[PDB]
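Each step along the sequence shown adds one to the number in the authors' numbering, with nothing skipped, and position 37 is 37. All residues carry an ideal CB built from backbone N, CA and C; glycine is no exception. Everything on this sheet refers to the single structure shown next.
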Amino acid sequence: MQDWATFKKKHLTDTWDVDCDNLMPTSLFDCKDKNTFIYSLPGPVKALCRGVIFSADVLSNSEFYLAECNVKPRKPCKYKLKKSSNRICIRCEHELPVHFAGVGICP
């Protein structure tokens, strides 16, 4: 369903501060409930998946900065930026984590 390019705009970012109020109303976000970005390059991040071929859940070993966006309640598609430091659990296949399993721990 999703690919590495989707996870790129979904969890990969090239800046700590992201523009969520402008991307949320697009066709990629379609006004989602919340998102979680990471401050790092796709070379070393995807390098972790370098070897995975089938779908599997992996948790990042290195902690990076995370710029997430939560849609405030009782508001017409309004995002709020939140910065933090932690690892992420993702489903990787074909050496590309396309889905987000969770953060810190994986249920």
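Residue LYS83 holds the alpha-carbon nearest to the alpha-carbon of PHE37 among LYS83, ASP57, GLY43. Counting the other CB atoms within 10 Å of its CB gives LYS80 a total below 16, which places it among the exposed residues. Taking every protein chain shown into account, the CB of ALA47 has fewer than 16 other CB atoms within 10 angstroms, so this residue is exposed. Where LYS34 is concerned, the enclosing beta strand (DSSP E) starts and stops at 34-36. With respect to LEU12, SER55 sits apart: the two C-beta atoms are not nearer than 9 angstroms.
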